[PDB]
Structure formats: structure tokens, C-alpha cells
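Heads up, the thing below is written out as C-alpha cells.
Reminder, nothing fancy here: chain letters follow the sequence lines and each chain counts from 1. Just so you know, ligand 1 is whichever comes first in the structure, and atom 1 is the first atom listed for that ligand.
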Amino acid sequence: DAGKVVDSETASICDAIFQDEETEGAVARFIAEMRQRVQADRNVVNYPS
Amino acid sequence: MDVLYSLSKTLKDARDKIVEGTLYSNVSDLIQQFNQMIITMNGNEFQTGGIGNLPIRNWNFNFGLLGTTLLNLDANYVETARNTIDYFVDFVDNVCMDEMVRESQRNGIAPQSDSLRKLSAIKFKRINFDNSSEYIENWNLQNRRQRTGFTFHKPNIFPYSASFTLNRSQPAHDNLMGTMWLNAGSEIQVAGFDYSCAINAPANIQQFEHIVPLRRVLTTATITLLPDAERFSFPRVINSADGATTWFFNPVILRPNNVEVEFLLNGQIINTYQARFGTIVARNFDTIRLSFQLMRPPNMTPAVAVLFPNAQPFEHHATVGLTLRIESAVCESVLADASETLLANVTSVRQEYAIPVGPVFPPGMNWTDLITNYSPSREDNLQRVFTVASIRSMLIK
Amino acid sequence: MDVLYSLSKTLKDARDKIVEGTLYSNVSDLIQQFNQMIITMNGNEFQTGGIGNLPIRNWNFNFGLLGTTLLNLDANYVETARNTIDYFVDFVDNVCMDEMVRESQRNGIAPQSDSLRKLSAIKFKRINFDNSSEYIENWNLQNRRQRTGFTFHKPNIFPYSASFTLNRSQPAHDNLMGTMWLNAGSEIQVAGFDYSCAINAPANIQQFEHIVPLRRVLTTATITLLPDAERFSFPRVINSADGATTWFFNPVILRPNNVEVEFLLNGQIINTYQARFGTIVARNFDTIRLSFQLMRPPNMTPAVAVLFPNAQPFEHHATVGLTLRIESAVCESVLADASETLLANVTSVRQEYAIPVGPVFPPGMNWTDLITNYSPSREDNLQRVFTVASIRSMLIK
Ligand SMILES: [Zn+2]
């Protein structure tokens, strides 16, 4: 869903865990589905980390 | 409690939806939930039983996950899943039985079994799934202090009570006025009788009242009110008040007069039905008040006149009656009805495993005694045991 | 309710701790709390009153924050703080009075005033502060469905009842056996009398029993038991059971014999004391059964033997009494006691503003009736009004 994460370290860690074979299917699907939320009307942003 | 319910629910969904030939998309989310349950449970030891004759059993979890790839599930997949599901079902069964067989005076709402106390830990919260059953919904609502509600068909709200009251009496018991009643389950049958047929009463009318206070408030109750009590319409030989002797009762039934049924809450007349029979509704009430009268007929044909003399010998005794059934109702507290099997399940487990009489429930889970003294502690323990029993019934037939 | 309590608590802390000269390290955190309260309440409009004669008042909140750059706060700081404290205290006062003067048959725990409904919004939750008071503690506990406990100094648990039972009587009322009792607040005072002094009773012993059922389960109660009932030990002229006549009671007091005071919980005997007086402990009970006996003195000096003849005329009537006082106790539900003033505050507000009688509480908050019929809805509304009354008393006398 064209998601974003809060730091380059976070992105790299997510890539590593997504690729590794010992990850839970739930964790993999969550790393794939996790989304940020940018509310300009309220001047707020939430990012996964 | 919610964790135990969620284990039962995910196991039921696994035994139902995980079937041969089903699409992977039908069970993707269910398999996610199933693997969550397995991962959470693995590495834990549980101990169940040890009370009465319920055996002590130990449960150890090291199971493999389910890897769904086949486009349509095949026999191998179903067999592998059933291996895990059977063990988990046995575990849930034992946990539910061990929780049902226990009780406490203080903190009766909280888990009593050590297995359920352990399942209350924070780490098992990951299995919660969805709380859709009526009892679990009401459990959560009560825990948050929201107005709950249980819908009962023929609620067992009246403690069994078959009795009589003589307002006029004498040792001969040959000239009596009074009332007789049976309160049982969801039925009230009352009958006022007068041997003189109100010949000497003021206005040739005898008044009768029957007040029944319910141990809990019932709401949106559908009631059937019929104008005669069949249970007190035949000859009887009844023991005296003190059991010294017996007296003979030979009724002849007249229509009840000036019938008024009042459903009251906090001493206020919430509903009042005057001379109306059939199906009525009581929206909210904690006490029922039946009022009726025996009116001596002002005109009598010779056959009727022969029955009601003015001298002492009263071979036939005038009687009026009312029957009142609560076909359905709603109660905030847990009750026993004629449709649910939760009381039967709890009592059956206790009887089968010979659980010693505890400090809260009466011996044998006697419903009459329980409802006669339905204390708050008894209500808490009963709600807990009923909720876990309904959890158990999702997997045990 | 928690937000209302927190507004009152922060206002009390501000009015106690913001005094000229005090170091700012003594009020740093309090000023943070006060500024957050101001920020949250700012830009809000509330309306209070409009029930009975309670004035309709409007509250607009627009206040500047309190300063933070000061070592020892001075007269300017105190003045600027007190100007705001006065307005906030008045607002809390009116919100509490509005809450107290309202009741609801359904959801008596839910806020009734629209001001408190507003404060229930999640925006105001930031002002929660610390819920350290007993009543707010119990409010939170019962919201979570946890055990609640209120400690009372001689709780008002017995509904007022001054009455007498005549187990033996006749129209002349010159040969009477039975009991008199006064239950009131925390004192039971019972006295069994026999005009014949058990002359014709088996073993020359007359048995008296007195069962007092409480509406709520008391725990860890200290009870003073004394062997005489000073209230029923002087000559009386009592009107008959049906008010037709009056009968004379001329008592002479004997020691009660085979005294047994037992405290029962759902019919089971939790505590029992045999012929023991002074201070005793009832750990958990909801009924009190007092059994005692008039034993005709086996040996009598002539001045006593004259008093009790064999024939009918019984000038003096043997009487044996007990007095029981619950000095202190703990109850799950809310009650009125000697020390607290919550019942008084609620009744005072209702009387002062001429609040029409609602559906739940009896007229004038009659405690006798309120405790005689202590329904669940009444308990919910009473707990709500008592909690808000304590919140109010935290600021107003
Ligand atoms: Zn049916």
C-alpha cells in the first residue's frame, strides 16, 4: 500500500525480517500491510518504527 | 475468561472451516488465528483437576504450525490439523470442567482454577479473537459495568413453593377461607377459596391477594394470564398447617372477579392489567401482585342455589383462580431457563466428579435453594460457571 | 465522575498549597495539573440547573495559565490563582448539585446531569489526576467489577422498626407472652416477656427468638452485646396489634438465659457466641439470629416468690432482654453512618431546591424506606449521589 517507515534503520530491519525464513507469517503479512497516517488537516503524522 | 472463550472459538472454527476441499481463501485468516494460538501456547505447562474425583492431568504444548499452500485443502492437511485440534479440545474441556467445579465466597467472579488464572496472564491476550457469543458479550459488558441482558424462554425465576394460607379457619376445617398457590419455574398458579361462598361477607364479595416478589428484576417479559388454576380444581385432602390432622377440600370453580394483575418495581405500579386475559407484557418489574375476588352470584338457578346454603354444611367450596406464565423475559442476572443447558452441564460435571459441597452453592446445585437465596456472591459464581459452561458447550456435545 | 473528582481535587490542592511565600518546588507539579485543567476547560460552555428551583447557570471557560518562572510565589501569584479557583469551585459546586438532584431508574450509575455527560467525553480525560479518596476508589473498583469496601462507624443498616409479637394473647391482654423489639440504625434492642414467668412451660423455660435480616452483607464488624434491653424495662401502655384497645406492660427484668447470638450468611452459621457479652467480631454475615430464654428462677426469696403466683393475676411480667450495637463495620454497598454527612448533603440539596419526587428514591430521601427496599437501581443511584456529594464536600462545607 505504498507504505513508509520512520527511519532508514527501520526500513533495513524490516527488509531483513521480511526476507528471513524464520519469520512468522503473521509478522511478514504485517510488515507488508503496515501503513503510516498523514493527517494534514490536523497537522499530524504517525509512522511505524 | 476471554482467552478461554477464544481458544474454544478458534478450535470450533478450525473443526468447521478446515475441511477437505475448501479454498485457501476461506481459511487464510483462520489459519493466522490458529498459528497465533499455537505459537502463544507452545512452551507452557498446565495442570488441571485435583478436586474431588476429577483426575490431575498435565498438558504440554509443542505443536507445529499449519502451512497452507494447496489451492484446495486435501486429506493430509485435515488430518494434521485434527491432530492438534483434538489435543486442544481436550485441554479446553478439562480447563472448563476444572473451572466449573470451583467457587469462592470472595471475588467469586474471578477465575478459580489455576489453569484459568494462568491463562489470565498478559502473554495469552494475543489469542482473544472475537467475543460473539451471548454469554461472553454479557461477560465483557458486565466487566465494564454496562447494562447486560440475558434472554430466557420460561425463566426459572420463582423458587418452588406449594403452600396455602387460611385467613379463616377452625379445628373442624369445615368452613375455610383463604388461598392456595404453586410457584414453580416460570408459572404461578393461585386460587382463592371460600366455603361459605361469601354469603356473610360484606357486599357478597371476598377479596384475595397473592404477592410474589422476584429475586431479580425482569424486563420486556411476555406473560400469559389465564382465568383459572387447574391445579386447585379437584378434590384434595391436605395436611393441616402444623400437620396434626388433614382437611378435605372440594372445590367448585367460579370466574374470578375484579381481576387486577400489577407488576411493580420499587413499589411503583409499572404495569397494571384489569380483567384482561391472554398475552400481556410487563416491561420492567420486580414483584407481581395478583388480586381477585369471589363474588357470590346474584342470580342462581336451582341447581346452583342447592350448592350454596347459609347453614354450616358446605359440601362444595367456591373457588376462583389465576394462572400466570412467563413465556419469555430478559434479566440482567444469570438464570436457569427451559432452553439453555448450562445449569444441567454444571450440575452434571459436579455430580459426575463428586465435588464436595463448597462454601457458596447449595448441595447439588439445588436450583430452588440457589434462587431462594440468590446472593451477590452466588450470582457472581453462577455467572462465572455458566459462562465457562457455555464456552465448553461450543466443543463438547 | 473521575473527571469531576479530579477537578475538585486539583482545586482543593490549589487552594491549600498555593499560599504566598511557598517555594515553587512545592507546587511545580500541582501547577502543571492546574494549567492542564485550564487548557482543557478553556473554550467550553456548560449549563447547569433547571431542575426544581435550582437556578439555570451558564459557565464559559476562558482563563490564562498560571506562571512558572518564580522561586517563591508572591501575592500576585496567589491573587491570580484564587480568582480562577473561585470560579472553578463554583462550577464544580453547581455540577455536583445538578448531579445530586437527579435520578434514573435505568442506568443509575451513568451520569445524569448534562454537564457531567459532557465531562464524560474523552477530551476531558486528560484532567484525571489521582483518585485517592475512598468513594472514588470504590467507584473505580465497581466500574471494573472488583471488590468494594466502605468502612462505617455504626452503619445505618437496620430499617427503623418498633414492634411487638404476641405468641400468646387473649382479649383481656392480662396473660401475654412474646417479644418487643426496636431496630434502628446500628442498634437492635429486643426483649422477650412472659406474664406467667414460665410457670406452666416445660422445664420452666420459655424460648424467644429474634431474626434480623440485613439488606446487605456486612464484613469485619465489631459488635457490643449487652444482656439487658433498657428500652423495654419500664411500665408501658401499648396499643393493641389492631389498634382496638390498649394493654398494660409492667416488666420485671431477669437475666437472659442460654443466650446465643449467631451471625449467618445465606443461611449458614458463620459466627456464633454462646452466653458471651462485651465486644465480639462478626467476620461476614447478612442475618442476625438472637435466641434467649426466660428461665423461671429455681429458688426464690419470699420477696421474689410473691411476684410470680401460680394463679392468673400476674401483676409483674418477667422480661429478659438483649442489646446489640454494631459499632463499626465494612459493607460492599454504600450506606449512611454516624460520622459521614453524604446522606445529609444530598437530602439538604434536594430539600433546599424543592426537587420533585422522582421514580427511584422515596420522598424526602427517607432513609428508613430507602434501606427497607434497597433495590439494585436504588443502590446504583445512591452510590452515584453519595460519590458526587463526597466530591462536592471536598470543596464545600
Ligand atoms: Zn418451549
Side-chain angles (χ1 to χ4, degrees), chain B residues 12 100 132-139 147-162 181-191 210 212-234 259 261 263 270-271 273 276-290 321-351 364-372 374 378-379 382-383 385-397:
Chain B
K12 185 193 184 305
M100 294 154 68
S132 176
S133 179
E134 179 192 22
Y135 268 87
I136 195 65
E137 282 186 6
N138 287 258
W139 181 263
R147 171 139 171 173
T148 63
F150 297 97
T151 309
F152 298 111
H153 171 46
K154 297 213 298 185
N156 206 309
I157 175 58
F158 303 119
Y160 176 86
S161 180
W181 66 88
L182 169 59
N183 306 337
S186 60
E187 190 176 29
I188 285 167
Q189 275 179 317
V190 58
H210 187 46
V212 180
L214 286 58
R215 302 291 185 273
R216 292 293 186 276
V217 170
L218 291 181
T219 78
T220 73
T222 302
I223 290 172
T224 311
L225 184 71
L226 299 176
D228 282 323
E230 295 89 341
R231 185 169 183 84
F232 315 114
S233 60
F234 47 73
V259 178
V261 181
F263 303 88
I270 303 303
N271 287 119
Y273 295 89
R276 168 166 159 185
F277 307 112
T279 290
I280 60 186
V281 169
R283 62 189 195 77
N284 201 15
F285 70 95
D286 60 10
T287 173
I288 311 183
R289 202 181 90 84
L290 297 301
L322 293 172
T323 299
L324 179 150
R325 297 182 177 89
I326 308 185
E327 296 292 355
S328 65
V330 170
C331 189
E332 276 177 282
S333 304
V334 153
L335 288 175
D337 66 359
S339 304
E340 300 170 357
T341 48
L342 307 179
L343 178 71
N345 284 318
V346 174
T347 309
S348 301
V349 173
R350 285 170 172 267
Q351 291 174 354
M365 298 288 291
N366 186 327
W367 179 247
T368 304
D369 282 9
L370 187 48
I371 194 68
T372 294
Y374 204 6
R378 275 175 170 188
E379 178 176 344
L382 195 63
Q383 177 160 11
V385 300
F386 277 29
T387 303
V388 61
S390 69
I391 289 170
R392 184 169 170 271
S393 74
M394 296 166 57
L395 298 172
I396 299 174
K397 303 303 187 66

For the student: nearest non-hydrogen atoms of B/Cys331 and B/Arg216, plus distance: SG-CB, 3.9 Å

4.5 Å side-chain heavy-atom contact, B/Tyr160 and B/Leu182: yes

Residue pair B/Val334 / B/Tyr135: nearest heavy atoms and the distance that separates them: CG2-CE2, 3.9 Å

Non-neighbouring partners of B/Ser328 that pass side-chain contact (heavy atoms from CB on, under 4.5 Å), sequence neighbours left out: B/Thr222

4.5 Å side-chain heavy-atom contact, B/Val190 and B/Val212: no

Every N, O or S from the protein that is nearer than 2.8 Å to the Zn ion (ligand 1): B/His153 NE2

Taking every non-hydrogen atom, the tightest pair across B/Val388 and B/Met100: CG1-CG, 3.3 Å

